[PDB]
């Protein structure tokens, strides 16, 4: 059970980190698109 | 893991076979016959339990004064709870961002 | 890392007066208070009884001495082999002084161990060769002194204990 | 906070790699060969718990103040050159 | 004043799996493991007539592990219903340090005991089992030795009865004691 | 042009967020 749940939490951490990286690319893109214009 | 569950299933099957052999011996020697001879083997099956008793007698017996397997090791379980909580928090933040985006349209 | 150290044996005024003058010059240079890592210098010998401490002390028997164990382990080894060594009876002296860290440079003043001795000025380098800033500070710190030149700049990687043994070798100087 | 405290407890429980009888942490024996004047003192143990969470909240309020400064510059210095920021990762 | 009350026990090589499982159940470690190093004895005693041991073992599996020289002498004959092992002393050193000291002070490699076994921990007490390997210089019992060691200062022998009871708790394994 | 670029970026971010929601539900499904 220890090894099983360790693999599970490793997969969860990997998914969360991939989510963070994709959201980071997205935030960089949108922030660059936003700061290029001032209302 | 595997070996413990296997030995447990083996002991359970041994007990079941002993009960079945006892019931069969009772049904055979109750009323009507050479097959009753196999009924004697039922008693031998009882001896098998004694061997299991011996198997339990000369078993591990790590301390025989306390309980082994120190630690529930549920630190991993707590870490998994935190991971699921982070996933739920991310889902909530994503839902908020999606509501904001839908309102932007 | 293992920086040079020497002992300018001044005279004229007094030993304590010279020590106070050196300390005042260092303070004028901006020597910040950093405790007093008094490094003793005891002799029993060709082993030794080095008690200099740098939060750990050791005696260098030979080949610059391994002395890689903690002070308690070394003292236990010494007390265990009481007499089983060839090094109890010589003069057991102890030098002292204060250690000031000006700016990424610690300076320690090894005072008179048995009473007849000089005040050795010991400095500590950061990475370590590397005598440009060393000499620029030594010339601005004292006069015609601080030659140093230890068994360094030969490349076995910044050995402090060999330098400490070289400094303790000044016992026969007086 | 929960993860830091449980990690603290877990550390209180790595193996000491004992041969004669260390039963400690390799940081203790590292001072022998590698002389550590103040490193070993800093590498032994430190204060934590409330202070770490407090300084984390301090970092949070500092980030909030930085964001507020950026927003104020955007709203006020609009006709001024629009300053553009980008957080790290 | 760090004394030792280590008991000398030995378990057959065939009875290992049940033994390691019993240990990991009762108390072995947090995910226990093994070790690997090589010992040697240095003998230099003209007037004392006592070769002073020195365990300059290098843990090959560990990187930069300090040489944990262990001396043990003056076996304590207390007769307090315990092991009462000789007084021990540990010292962690650096690479080639023991060789340099054997060259300076003057030693001689009496013999070599290359062993390998598993690691175990408890609340205070320690226990260890391993097997020696009679290998050549560049590389003779072949039996697992279950030693229940307790290294600590003199104190008041309060952990003596505790260690005796904990060893009796593992009675189906061995019956460890002292030697002559 | 600025409005069109903003709308395009918003649509792309929404698509990415929906994909991440789907894969997160799948991961939580276990």
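A short reminder: the numbers here are calculations on the coordinates, not readings from a lab. Cβ: placed from backbone, ideal geometry, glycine included. Neighbour counts: every protein chain shown.
Measuring r between the beta carbons of residue D:68 and residue D:48 and using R0 = 45 Å, the FRET efficiency lands at 0.95. Measuring between their Cα centroids, the stretch E:1-22 and chain F lie 61 Å from each other. Note on residue C:92 and residue A:2: their simple-model spin labels are 5.0 nm apart, each label 7 Å out from Cα toward Cβ. Estimated purely from DSSP H runs of n ≥ 4, each contributing -39500 (n - 2.57), the mean residue ellipticity at 222 nm for chain B is -27500 deg cm²/dmol once divided by its residues. Model label sites at residue E:60 and residue B:56, defined 7 Å from Cα along the beta-carbon direction, differ in position by 4.7 nm.
If you take the square roots of the eigenvalues of the alpha-carbon gyration tensor of the stretch E:44-137 and sort them as a ≥ b ≥ c, do you get rounded (a/c under 1.5), prolate (a/b over b/c) or oblate? Oblate, since a/c reaches 1.5 and b/c is not below a/b.
What's the center-to-center distance, using Cα atoms, between the stretch C:50-73 and the stretch C:121-136 in Å? Going from one Cα centre to the other spans 23 Å. Using the alpha-carbon positions of the stretch C:1-84, Rg (one decimal) and Dmax (whole number) come out as 16.9, 50 Å.
Averaging over all projection directions, the Cα-based convex hull of the protein assembly as shown occupies 49.4 nm² in the image plane. Across all Cα pairs in the stretch C:108-171, the calculated P(r) in 10 Å bins from zero up to the longest distance comes to 17, 51, 30, 3 percent per bin.
Give me the distance between the Cα centres of the stretch E:108-123 and the stretch E:28-72, rounded to whole Å. Cα centroid of the stretch E:108-123 versus Cα centroid of the stretch E:28-72: 7 Å apart.
Overall form of chain B: oblate. Here a/c, set by the Cα gyration tensor axes a ≥ b ≥ c, is 1.5 or more, and a/b is not larger than b/c. Between residue E:1 and residue E:31, what FRET efficiency comes out of the Förster formula 1/(1 + (r/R0)^6) with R0 = 51 Å and r the beta carbon distance, rounded to 0.05? Once the sixth-power term is evaluated, E becomes 0.90.
Compactness of chain E, taken as the C-alpha radius of gyration over 2.2 N^0.38 Å, stands at 1.07. Shielding value for E:87-99 is 6, the average number of Cβ atoms from other chains within 10 Å of each residue's Cβ. Annotation for residue C:149 and residue C:84: the two label points, set 7 Å from Cα along the Cα-Cβ direction, are 4.2 nm apart. Shape analysis of chain C yields a ratio of the Cα radius of gyration to the Kirkwood radius, Rg/Rh, of 0.97.
Quick one: what do you get for the stretch D:13-82 if you divide its Cα Rg by 2.2 N^0.38 Å?
The reported ratio for this selection is 2.11.
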